[PDB]
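Inspection log for the structure reproduced underneath, given as structure tokens.
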Amino acid sequence: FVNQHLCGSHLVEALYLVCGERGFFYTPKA
Amino acid sequence: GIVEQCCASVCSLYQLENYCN
């Protein structure tokens, strides 16, 4: 599900699912 | 950055995992 264009809430959802209890950082400007 | 790599272009697991804590 990760190997596609992932934009906005879809990108944050993929980070959420992939990173699990690690959490993640979402920095769209940088 | 993540938008250029994963939104404007096709994402990958290697690249997404780089944003995990």
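Protein chains in written order, with the deposited numbering: chain B, 1 to 30; chain A, 1 to 21. Every residue, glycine too, gets a C-beta built ideally from N, C-alpha and C.
By DSSP's assignment, A/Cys20 forms a beta bridge with B/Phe24.
Contact between B/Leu11 and A/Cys7 holds: CB atoms are separated by about 6 Å, below the 8 Å threshold. For the segment 11 to 30 of chain B, residues whose beta-carbon sits nearer than 9 Å to a beta-carbon of chain A comprise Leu11, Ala14, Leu15, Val18, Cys19, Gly20, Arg22, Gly23, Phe24, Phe25, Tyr26, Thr27, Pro28, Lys29, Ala30.
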